[PDB]
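First to last, the protein sequences are chains A and B. To convert, count from 1 in the first sequence and add 22; that's the deposited numbering. To convert, count from 1 in the second sequence and add 533; that's the deposited numbering. We treat Cβ as the ideally placed atom computed from N, Cα and C, and that holds for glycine. Taking it in order: structure first as structure tokens, then the write-up.
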Amino acid sequence: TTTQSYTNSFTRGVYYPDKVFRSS
Amino acid sequence: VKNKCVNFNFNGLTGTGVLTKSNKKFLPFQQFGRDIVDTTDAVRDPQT
Ligand SMILES: *[C@@H]1O[C@H](CO)[C@@H](O)[C@H](O)[C@H]1NC(C)=O
Numbered sequence: 023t024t025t026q027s028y029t030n031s032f033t034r035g036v037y038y039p040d041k042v043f044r045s046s
Numbered sequence: 534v535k536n537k538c539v540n541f542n543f544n545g546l547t548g549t550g551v552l553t554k555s556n557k558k559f560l561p562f563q564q565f566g567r568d569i570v571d572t573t574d575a576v577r578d579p580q581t
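Spelled out as structure tokens, the structure:
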């Protein structure tokens, strides 16, 4: 079976929008 | 040819300038480069 408890994601789940290098 | 003003056509990215070796840290999925004001600064050689 399974449960459906709820949690808070914090600051999480960010990917690179593009494939362009960037620094500073 | 490096260190010489040439017209480049890297993978359809047309332009002009002087290209040379660099010590950037391009990640494996990276393909292009850019700066703070969104101008193409570095490119990855498709055959090198
Ligand atoms: C490009 O292809 C040639 C011949 O297939 C090969 O010798 C060379 O290593 C290749 N270059 C890259 C960067 O894969």
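Quick check on residue i - is its C-beta less than 9 Å from some C-beta in chain B?
i                    : result
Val42 (chain A)      : yes
residue 60 (chain A) : Nothing can be reported for residue 60 (chain A): it is not among the residues displayed for chain A, which extend from 23 to 46.
Reducing DSSP to helix, strand and coil, say where residue i ends up.
i                : result
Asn556 (chain B) : coil
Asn544 (chain B) : coil
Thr24 (chain A)  : coil
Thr549 (chain B) : strand
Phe565 (chain B) : strand
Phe32 (chain A)  : coil
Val42 (chain A)  : strand
Any C-beta of chain A sitting closer than 9 Å to the C-beta of residue i?
i                : result
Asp568 (chain B) : yes
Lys557 (chain B) : yes
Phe541 (chain B) : no
To the nearest whole angstrom, what separates the beta carbons of residue i and residue j, a pair I think is in contact under 8 Å?
i                : j                : result
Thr573 (chain B) : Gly548 (chain B) : 7 Å
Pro579 (chain B) : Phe541 (chain B) : 12 Å between Cβ atoms; not a contact.
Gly566 (chain B) : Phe43 (chain A)  : 5 Å
In chain A, which residues lie with their C-beta within 9 Å of the C-beta of residue i?
i                : result
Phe565 (chain B) : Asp40, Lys41, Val42 and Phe43
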